[PDB]
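Below you'll find only one chain, the form deposited without ligand 4SO, shown as C-alpha cells.
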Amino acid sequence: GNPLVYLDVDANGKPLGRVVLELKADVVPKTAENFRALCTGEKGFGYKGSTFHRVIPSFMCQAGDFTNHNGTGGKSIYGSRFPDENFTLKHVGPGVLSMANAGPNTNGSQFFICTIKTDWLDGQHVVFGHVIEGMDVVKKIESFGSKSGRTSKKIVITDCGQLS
C-alpha cells in the first residue's frame, strides 16, 4: 500500500510532536519514493536533523534543504534534481504535501505542508501526499513563522522514518 511516514519535530530542542503523512505512490511513485527514502535515510542522507527554514502563516511550512539549511539546496535520491512526474493531485486544502521547486523540472528534496488551500500552485508543484495525523503539530510549527517566512524558533526534524 501507499507508504505511511512520520516527522518528529522540535522547536529550540523541545518536542512538538509527530506529523504522519500518506505518500500517494499509486499516483506519483517516483516522487513518493524519493520522500520515503529521505525519511528513512537509507541512501545515507535525508531529512533527519534538518529544519523548517521558511514558515508563512496562512500559507505553508517549508523544509527539506538538508545541505544549505536556507532554501537554496537539497538533493534527490536520483541525483541533484528530477523531472515533474505529473500534476494529477491538486492543492485542495490544508494538509497537502507538495514539492518545492525553482521552476519546471527542478525537484530535489525540499517540500512544503499547506496550511490553507493553495490552488494557485496547481500545475506548477507536484503534490504527492497529505497529513494523516498531527495537523495540530503542523499548526504549532505555523505559529513560529511570520509573513516573511523567518521562524522565531529553530524548527528541526529531530527524527523521521516509515510506519508501514
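One-based numbering along the sequence shown.
Beyond the structure shown, there is the form solved in complex with ligand 4SO, which is absent from this document and is the topic of what follows.
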item: Partner contact for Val20 in the bound PDB entry: ligand 4SO, 4.5 angstroms, heavy atom; value: no
item: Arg54 within 4.5 Å of ligand 4SO in the bound PDB entry, heavy atoms; value: yes
item: Stretch 97-120 - residues with a heavy atom within 4.5 Å of ligand 4SO in the bound PDB entry; value: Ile116, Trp120
